[PDB]
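Structure 1 and structure 2, given next as structure tokens, are two forms of the same protein chain, each shown alone.
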Structure 1
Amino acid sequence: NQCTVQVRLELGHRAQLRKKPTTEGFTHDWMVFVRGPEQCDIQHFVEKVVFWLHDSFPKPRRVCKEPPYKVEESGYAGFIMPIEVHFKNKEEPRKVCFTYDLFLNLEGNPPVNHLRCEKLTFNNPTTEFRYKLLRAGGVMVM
């Protein structure tokens, strides 16, 4: 039969000016994450999240295979971060790719506390992957 399942992801980041910079002239702490809304376990359908940091970072490929799906770092500039959310799906789609705007607060602006809400729509998932989406607190849309 036909069924379409929606699940929600929240991508987000925090950034703040360090009271004093680091030795390396890193002015900021930031943290970037992927999570579910309240009372959802996205781990049921998320295999892993890959955060692609700027080439300027060492081991810039950061993999979270279980919650929390987050990177914590200090740096001196914002950048565009590819974030891959890989699914426990045996068919397409196998993952989804976001271009995350990791910007910093500059010149004594308040800390950054940003959230990006994403709705994934899966058309006619397999029985297997449909279970996982539901277990995670996904919703049928018909």
Structure 2
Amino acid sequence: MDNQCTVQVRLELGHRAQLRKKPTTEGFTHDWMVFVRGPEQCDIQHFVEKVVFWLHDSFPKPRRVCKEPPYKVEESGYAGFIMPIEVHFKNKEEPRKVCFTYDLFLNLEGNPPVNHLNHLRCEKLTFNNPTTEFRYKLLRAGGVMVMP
């Protein structure tokens, strides 16, 4: 009715990868960066407490935490892998976070390997009847109150 509120916010998850012309002493073959960012004219820091990137167990300190922008991780590696990415919200009630499963891929679907790639994934979050305090952070971050 007139009494309910729905707020929608958008996130982008992305990465780039480049094949090194010289493998490292460990045989790492690629340089890659994974990032989480808001869209044009959006500052996700107002409603995001932190972004956690869960790296594969082979990496040093695999849980990478970003408490302020830019939310990103830079690493050198030899294989693609699935990376949980958790976005923790500045909300005292549920939901406290949202979890994505991101494919950190170093080569495209086509069988031949490539020299470099990048990828962007868009995600829309919807919040129904969020708390007075959380609602403001969502909107202050470039969020959209859904008009009936």
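All residue numbers here follow the sequence of structure 1, with the first residue given the number 1. Only residues modelled in both forms are compared. Here the rigid core means the biggest group of C-alpha atoms that line up within 1.5 Å when the two forms are laid on top of each other.
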Pick out the one residue among 102, 83, 112, 40 whose C-alpha shifts by 2 Å or more between structure 1 and structure 2, once the rigid core is superposed. 112
Once both forms sit on the same core, give the Cα displacement of residue 24 between structure 1 and structure 2 in angstrom. 1.2
Could you tell me the distance the CA of residue 122 travels between structure 1 and structure 2 after a rigid core superposition, in angstrom? 0.4
Sequence-ordered runs, three or more residues, C-alpha shift 2 Å or more between structure 1 and structure 2, rigid core: 105-112
